[PDB]
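Here we start with a single chain on its own, the form deposited in one PDB entry, put down as C-alpha cells.
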C-alpha cells in the first residue's frame, strides 16, 4: 500500500496543505523581528487584569486552532475518517499542532515571541499568573528552534502530531493507523532525501506535548474557578469546547 511516487505526492500534498493554512507567513514573521515592545508597553501588559489577559490569549489561541482545523480538513485522508474520529483527533491534537507552529513566531536570539503586532519576552504575560506554563511554552519553542526546521518539515511533523492512531476513543483505529504509516513513510522519505534523518533523535518526546496541553487545562480550571462568568461570557465557544458543537459545523464546510 503506497509506492515511491505516491509517497512523494503525499509529501507535496502535505507541504501544500500546510502553507495554505498557516495563520502567519514566515516571511512576514521574520520581516518583523525588530518591532519589539517598549519597556512601557510591557509594563502596560503587566498592569492589565488577569481576566483581560486570559481573554486576549484564549482569543489568540482560538484563531490559531481555527487555521489548524482548516489544515486537518485539507489534509489527505482526514475527511475520509468518520466524524467521531475527526473530532477525537482535533480535540486531542489541535493544541499540540499550535504548540509546534508557535516556534515560527519565536526568536531564539532575544528569547521573544510575536504577540498582538510586536515581539516581547516571557515577562509580557506576567498578569496571567501561569509562570510555569509560560516558561514551558518558551522552553518548548526554544528546543524546536534549535532543530532549525524547514517549513516542509513542520508540515510533515504537524500532520503526524494530528494523525495519531493511539488517541483514546478512535472507532476506526486501523484506518488512522494506515494514514499515520503513510505520513510516517512521507516524513522519513523526505528526511532521507534531504539528508536530515539527524533530527529524528532530537524531535521532542511524545509525552512533552501531552504535559504542555495538560498544564494548559490545569491553569484554565484554576482561572475558570475564580472567574466563571468571564469564561461563560467573554471566552470563545470553540476554546470552551476543546478545553472546558463548533467542530461539527467547522468540519461541515
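Numbering follows the first chain given and starts at 1. Only residues modelled in both forms are compared. We call the rigid core the largest set of C-alpha positions that still match within 1.5 Å between the two forms.
Where residue 244 is followed by residue 245 in the displayed chain, the model omits 10 or more of the deposited residues that sit between the two. Stretches compared: 89-97, 104-112. Higher mean C-alpha B-factor in the entry: 104-112. Here 33-41 and 51-59 are compared by their mean Cα B-factor, and 33-41 comes out higher. The PDB entry gives the largest Cα B-factor of the residues 10, 231, 22, 238 to 22. Per-chain ranking of the deposited C-alpha B factor places residue 147 in the highest third. Among the modelled residues of the chain, residue 126 sits in the lowest third by CA temperature factor in this PDB entry. Compared with the other modelled residues of the chain, the Cα B-factor recorded for residue 184 ranks in the lowest third. Placement of the Cα temperature factor of residue 75 within the chain: highest third of the modelled residues, per the deposited record.
Among the modelled residues of its chain, residue 160 has a C-alpha B-factor that falls in the lowest third, as given in the PDB entry.
Another form exists, deposited in another entry; not displayed. Remarks below refer to it.
Of the candidates 34, 221, 198, 38, the Cα that moves 2 angstroms or more after core superposition between the shown form and the other one belongs to 221 alone. Relative to the superposed rigid core, the position of the CA of residue 15 differs between the shown form and the other one by less than 2 Å. Cα-Cα spacing of residue 62 to residue 221 is reduced in that other deposited form versus the present form (difference of at least 3 Å). In comparison with the shown form, the Cα-Cα distance of residue 44 and residue 230 increases by at least 3 angstroms in that other deposited form. Segments of 3 or more consecutive residues in which every C-alpha moves by 2 Å or more between the shown form and the other one, counting only residues present in both forms and fitting on the core, reduce to a single one: 220-235.
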